[PDB]
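Trainee:
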Amino acid sequence: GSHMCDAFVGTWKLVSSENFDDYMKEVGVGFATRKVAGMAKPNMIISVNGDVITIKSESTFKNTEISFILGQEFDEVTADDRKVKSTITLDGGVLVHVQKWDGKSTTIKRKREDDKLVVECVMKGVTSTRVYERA
Ligand SMILES: COC(=O)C1=C(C2=[SH]CCC2)C[SH]=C1NC(=O)[C@H]1CCCC[C@H]1C(=O)O
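Counting in the working numbering, the final residue of the sequence shown is number 231, and the numbers go up one at a time with none missing.
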């Protein structure tokens, strides 16, 4: 087993959100999409198979799935249809996901906090916090 397995693997449901509309604005999402995307309550499924981590997000609005090896950059088409270059590392027990596109950068941090998985999303000055519980 591994730290990653024990901490993150499983099925998680969104239970609260803060500032997500403002985060979406900062990453360039337009009005109609922000409105419909902001209603979504995704399930997040995290799995590990050997060195490969998979993060799936499933909702009424969009489904996404990424698989990656820690430290190894990959192509990602985000839920909001940005084509980014992503690298995910495990830093002091926090999954740190950096996305680069068009000269811009956003960082998504995923951490365990008590029984929750807390996702912090930062674009320039704007932070959104997305809190998940076990499904
Ligand atoms: C920018 O859009 C997004 O980031 C975004 C979505 C859209 S689709 C159209 C508009 C917005 C849908 S789901 C999502 N982001 C996440 O699910 C992760 C990954 C990053 C931030 C929040 C995280 C979270 O666990 O909720």
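Just so you know, even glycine gets a beta-carbon here, dropped at the ideal spot from N, CA and C.
Please report how far the alpha carbon of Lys179 lies from the alpha carbon of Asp171, in whole angstroms.
Mentor: C-alpha separation (whole angstroms): 7 Å.
Trainee: Assuming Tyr119 and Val222 form a contact by the criterion Cβ under 8 Å, report the distance between their Cβ atoms to the nearest whole angstrom.
Mentor: About 5 Å separates the two Cβ atoms, so the contact holds.
Trainee: In the DSSP assignment, find the unbroken beta strand (DSSP E) run with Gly106 in it and report its ends.
Mentor: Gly106 to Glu114 is the extent of the beta strand (DSSP E) around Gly106.
Trainee: Return the Cβ separation of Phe104 and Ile142 in integer angstroms, given the expectation that the two are a contact with Cβ distance under 8 Å.
Mentor: Contact holds; Cβ gap of about 5 Å.
Trainee: Taking only the alpha-carbon atoms, compute the straight-line gap between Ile165 and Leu191 and give it to the nearest angstrom.
Mentor: Approximately 12 Å, taken between the alpha carbons.
Trainee: Could you check if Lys158 belongs to the surroundings of ligand 1, using beta carbon to heavy atom distance under 8 Å?
Mentor: For ligand 1, at least one heavy atom lies less than 8 Å from the Cβ of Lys158.
Trainee: Grouping DSSP H, G and I as helix and E and B as strand, with all else coil, what is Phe127?
Mentor: Here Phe127 sits in helix by DSSP.
Trainee: Using only alpha-carbon positions, find the residue among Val227, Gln195 and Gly199 that is nearest to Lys207.
Mentor: The shortest Cα separation from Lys207 among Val227, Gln195 and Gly199 belongs to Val227.
Trainee: Cβ of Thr174 within 8 Å of any heavy atom in ligand 1?
Mentor: Under cutoff, so the answer is yes.
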